[PDB]
Amino acid sequence: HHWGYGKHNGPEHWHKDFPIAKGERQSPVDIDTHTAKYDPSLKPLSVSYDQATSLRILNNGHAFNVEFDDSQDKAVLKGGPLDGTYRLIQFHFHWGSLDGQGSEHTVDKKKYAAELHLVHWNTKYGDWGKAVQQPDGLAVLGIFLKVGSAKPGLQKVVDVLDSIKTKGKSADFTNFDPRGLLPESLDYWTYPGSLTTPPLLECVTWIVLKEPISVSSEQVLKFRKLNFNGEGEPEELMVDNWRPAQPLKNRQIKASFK
Ligand SMILES: NS(=O)(=O)c1nc2ccccc2s1
Ligand SMILES: [Zn+2]
């Protein structure tokens with residue numbers, strides 16, 4: 001892998017190493033709120049994070065992942081458009097160099113300052129590597145961030161970032177409660193899509209919450225002090241690590257709410 005979000009290895013180049021980048025169910029997409037159809041057959045989402053066990057936070061050179069113990073059913077996502085049980089494996093964000101961009105999904109072409117991805121895999125496939133080979137292998141819960149009032153539940157994440165500034169650095173990150181990152185409402189849009197970084201596999205049921213969370217300018221400024229580069233290498237600020245909207249093609253975006 002040599003892909004990134006720089007001036008010569010960005011999303012417009014990915015198709016050369018990952019031809020599925022030009023596929024029929026790529027993510028993210030623009031959510032046209034007037035075209036998305038209310039589906040009364042969709043169920044309430046069930047976000048069961050009471051027993052979540054966070055373990056570690058890693059700068060992987062494209063974002064930072066907060067990793068969970070997914071060795072058994074602790075934190076799981078069920079219901080909504082989903083059949084079966086999906087285990088939380090990690091969350092990460094995508095963000096911008098300034099507040100007017102950062103999100104991957106857009107809403108009537110509006111870009112949010114950032115987007116949180118809570119990533120889950122379908123336990124019926126036994127492990128992540130098997131799950132990503134299946135069209136219903138993953139469920140990613142996407143939550144928009146706008147800049148305003150501080151999000152108290154995000155501050156523990158913010159405060160550890162200085163310790164994982166560069167690619168390949170990690171730190172212990174136990175006892176973090178991801179419920180503190182959820183908005184009030186679980187109203188959502190859903191559509192079939194893909195991973196938004198290589199390998200871009202078309203194995204995701206996307207669930208994107210309508211209600212954004214508010215974070216402070218100071219919180220997102222700390223995201224923007226991270227580095228894409230490794231220790232001692234020329235500093236490249238980790239900013240604009242988002243893939244733009246991809247063609248919707250023959251896909252329907254459904255709303256859980258009227
Ligand atoms: N950005 S995302 O679709 O949530 C995502 N992409 C990837 C790629 C490789 C491994 C895990 C994930 S999770
Ligand atoms: Zn993501």
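Each residue takes its place number in the sequence, starting with 1. Just so you know, ligand 1 is whichever comes first in the structure, and atom 1 is the first atom listed for that ligand. Hydrogens, waters and symmetry mates play no part in the numbers below; they use all other heavy atoms, side chains included.
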Should you measure from each heavy atom of [X], which atoms of ligand 1 turn up under 4.0 Å away?
| X | value |
| --- | --- |
| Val119 | 4 (O), 13 (S) |
| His94 | 1 (N) |
| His92 | 1 (N), 2 (S), 4 (O), 13 (S) |
| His117 | 1 (N), 2 (S), 4 (O) |

Problem - Pairing of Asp50 and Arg179 as salt bridge, 4.0 angstrom limit - result: yes
Practice task
Using a strict 4.0 Å threshold on nitrogen-to-oxygen distance, state whether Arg224 and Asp99 make a salt bridge.
Solution key: yes
Completion exercise
Heavy-atom proximity to atom 3 (O) of ligand 1, picking from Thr196, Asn241, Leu141, points to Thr196
Practice task
Could you tell me whether ligand 1 has any atom less than 4.0 Å away from a heavy atom of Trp242?
Solution key: no
Practice task
Determine, using heavy atoms of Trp206 and all atoms of ligand 1, whether some pair is separated by less than 4.0 Å.
Solution key: yes
Is it the case that [X] and [Y] place a side-chain donor and acceptor less than 3.5 Å from each other?
| X | Y | result |
| --- | --- | --- |
| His62 | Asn60 | yes |
| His94 | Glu104 | yes |
| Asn229 | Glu236 | no |

Around [atom], find the nearest protein heavy atom and jot down its residue, atom name and distance.
| atom | value |
| --- | --- |
| atom 9 (C) of ligand 1 | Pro198 O, 3.8 Å |
| atom 5 (C) of ligand 1 | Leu195 CD2, 3.8 Å |
| atom 11 (C) of ligand 1 | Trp128 CZ2, 3.4 Å |
| atom 6 (N) of ligand 1 | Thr197 OG1, 3.3 Å |

Handout entry: Part of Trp121 with heavy atoms under 4.0 Å of ligand 1, whether side chain, backbone, both or neither
Key = neither
Exercise for the section: Using atom types as modelled and distance alone, determine if a side-chain donor or acceptor of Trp14 lies under 3.5 Å from a backbone N or O of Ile20. Expected result: no
Sequence neighbours left out, cut at 3.5 Å: what donor-acceptor pairs do the side chains of residues 206-213 make with other protein atoms?
from	atom 1	to	atom 2	distance (Å)
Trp206	NE1	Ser27	OG	3.1
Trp206	NE1	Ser194	O	2.9
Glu211	OE1	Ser185	N	2.9

Practice task
From the options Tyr5, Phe64, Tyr112, select the one residue that forms a ring pair (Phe, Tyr, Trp, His ring centres under 6.0 Å) with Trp95.
Solution key: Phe64
Problem - Qualifying residue for ring pair (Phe, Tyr, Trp, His ring centres under 6.0 Å) with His105, from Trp189, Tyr188, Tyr191 - result: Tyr191
Problem - For the Zn ion (ligand 2), the closest N/O/S atom belonging to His117 - result: ND1
Exercise for the section: Could you grab the angle centred on the Zn ion (ligand 2), going from NE2 in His92 to NE2 in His94, to 10°? Expected result: 100°
